[PDB]
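Fold and geometry: a report
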Amino acid sequence: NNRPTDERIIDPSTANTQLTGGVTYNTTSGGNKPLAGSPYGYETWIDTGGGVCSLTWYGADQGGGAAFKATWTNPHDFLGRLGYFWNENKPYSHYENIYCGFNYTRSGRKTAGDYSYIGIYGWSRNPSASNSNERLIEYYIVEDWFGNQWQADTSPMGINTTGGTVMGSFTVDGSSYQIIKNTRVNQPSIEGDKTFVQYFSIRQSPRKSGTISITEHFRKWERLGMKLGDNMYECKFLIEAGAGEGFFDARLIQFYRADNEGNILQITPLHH
C-alpha cells in the first residue's frame, strides 16, 4: 500500500489548542454506544466502588471527530475508548489500511496507578484456531503510558506490566515496537469469563502526538504467528488507568482508512 496524502488528513503537530464543550459520560456504558452524527462509538468501564471517572466526546466537527478527554480518581482499572466499532464478522483486512492521527495532553508520571495504557485497542475473533485459547484476542498498540514508581513515563513498559512473552520487534511510525503475547486464564472478556490471548505492540519511544499505522501492526502480529482471525470487534483510541488520579485530554483523534493506492475510503469530519 501507498501512504495516503489527502488534504483532509490533519497534521498531528498542528493540533495544539484545547478543545471545548463536549458531551460527558460518567458511568459504565455496557459496551459500545453510538455517538450522534458520527461513525464512531464510545465505551466506558467505570467501576462504581471506584471514584469518579469521565469520558467527554468533543463532537463530530472538531479534533478529527474522535477526540475526547477523560478523568479518573481512584479508578479500579478505568477504560475510556472511542473509535471504530465493527463486530460484523469481517477480518481487519476488510477495513483496508487503517490510520489514526492523534495529539493529546495528559497528567504526569504516577497519575494512573501501577499500570496504564494509551493508544489503540480492541478485540478480534478467530473461530478457526485449533487451540481454544487463541479464538479470542484482546489487542493493544501502546503509544504512551503514565509510568509508575519503578519506571518513568518516558521509558516503555515491558513484560513486568503486560505479563507474557516478547516475540520480537519491528519499526513503524518513527519508533521500534516490542511485540508481546500474553494468555489471560479464566478472565473477564467480551465473551464472558474465559481463557483468551492478548497481543501488544509497545512503542519504545513514548509520544503524545503522531500517526499510527494500525494495519501494519495487525500484519506484523499475523506474520509472527499471532493470528487475529476473521471477525474484528473494534478499533478504538484508549486510555486505561489502573488507579491514581489524572487526566487525558486529546486535541486530535482522527481515524482514516485508505485503499492500497492511498485513496481515502473513510475520514472524519465530513470553502469556496
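About the thresholds
Residues numbered from 1 in each chain as written, not as in the entry; some residues may be left out. Heavy atoms only, no water. Core = buried A, V, L, I, M, F, W, Y, C linked by side-chain atoms within 4.5 Å. Buried < 20%, exposed > 50% of the residue type's maximum accessible area, 1.4 Å probe, protein only. Contact = heavy atoms within 4.5 Å. Helix = DSSP H or I, 4+ residues; strand = E, 2+ residues; numbered from the N terminus. Polar contact = N/O pair within 3.5 Å; in protein donor to acceptor, adjacent residues only side chain to side chain. Pairing = 2+ DSSP bridges.

The deposited coordinates derive from X-ray crystallography, with the record listing a resolution of 1.9300 Å.

Describing the nonpolar core
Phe237, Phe248 and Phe255 are the most contacted members of the largest nonpolar core, which has 52 residues in total. Aside from chain neighbours lying at most four places away, what touches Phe248 is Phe68, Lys69, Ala70, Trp72, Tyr104, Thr105, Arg106, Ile118, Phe237, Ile239 and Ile253. Residues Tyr121, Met157, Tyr233 and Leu238 belong to the second largest nonpolar core, which totals 15 residues.

Let's talk about the side chain of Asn148
Summarising the element assignment, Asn148 is placed in the loop between β9 (136-144) and α1 (159-162). A relative accessible area of 5% means that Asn148 is categorised as buried. A distance of 2.9 Å separates a polar atom in the side chain of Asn148 from the backbone oxygen of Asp114. For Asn148, the residues in contact, after removing those within four places along its chain, are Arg109, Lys110, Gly113 and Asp114.

Digging into the pairing of strand β4 (residues 53-57)
Across a regular strand the side chains alternate sides, sitting on one face of the sheet and then on the other. The buried fraction of β4 is high, at five of five residues. The two faces of β4 match: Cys53, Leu55 and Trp57 on one face and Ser54 and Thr56 on the other face are all buried. One ladder, built from three bridges, connects strand β1 (residues 23-25) with β4; its direction is antiparallel. What sits directly across from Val23, in β4, is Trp57.

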